[PDB]
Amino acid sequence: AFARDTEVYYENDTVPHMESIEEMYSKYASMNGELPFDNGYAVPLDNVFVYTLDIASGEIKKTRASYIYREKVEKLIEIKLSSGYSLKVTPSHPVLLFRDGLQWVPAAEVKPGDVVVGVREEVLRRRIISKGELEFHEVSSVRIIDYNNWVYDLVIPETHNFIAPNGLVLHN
C-alpha cells in the first residue's frame, strides 16, 4: 500500500487528473460513499482509468481501476531516489527493480544502489499513449518512517501495475 501523498495519474470521463492518492480517495468518497471493510475503508470508482505497462513488450494501455482502499499503518518504508522522488510504501509492497533481470522485490528488500524501473514520463502527456520507453532510477536511501496514518491501495482488476505521473511502474 501507498502513503497518502503518493501522486497518481488517472483519467475519468476522458480528462486526466494528477493528484495524491488521498485527494483522489477523498474525491470519490465525496462522490460515491465510503464502505467499511476489514480494518479499513473502501471507496468505489466509476469510469476511472489508469495506465499500465506490459513490462515484457513495452505496450502501455488504459485499464479500469475499481476501488481505493485505505487503512491505518504505523511504519512505512521510504525509498528515496537520487532524483529526489520518494516512494513511501508498506514493507511488503512490491517494487519493480532491475537486478539480474526485471524483478518485483518487496520494499523491505530494496537497498541503496538498487535501481527502480519507470517509463519516460513524457509518454503520459502525449495525445496518443502507446509505447513506453523504460528509464531506470537509482535508489539513494531506504529508511523506516514513523507514519501513523492512512495508506492506500488501488484495486485494478486486470493488471498488476500502473504508471505514476513521474513514470514509475508501481505495483497496484
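Counting begins at 1, following the sequence as shown.
Across the two stretches, 107-115 and 55-63, the PDB entry reports the greater mean Cα temperature factor for 55-63. Comparing 152-160 with 21-29, the higher mean C-alpha B-factor in the PDB entry belongs to 152-160.
In the PDB entry, the Cα temperature factor peaks, among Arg143, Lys131, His137, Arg70, at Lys131. In the deposited entry, the Cα temperature factor of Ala42 places it in the middle third of its chain's modelled residues.
Sort the modelled residues of the chain by CA B factor and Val50 lands in the lowest third.
Split the chain's modelled residues into thirds by C-alpha temperature factor. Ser83 is in the middle one.
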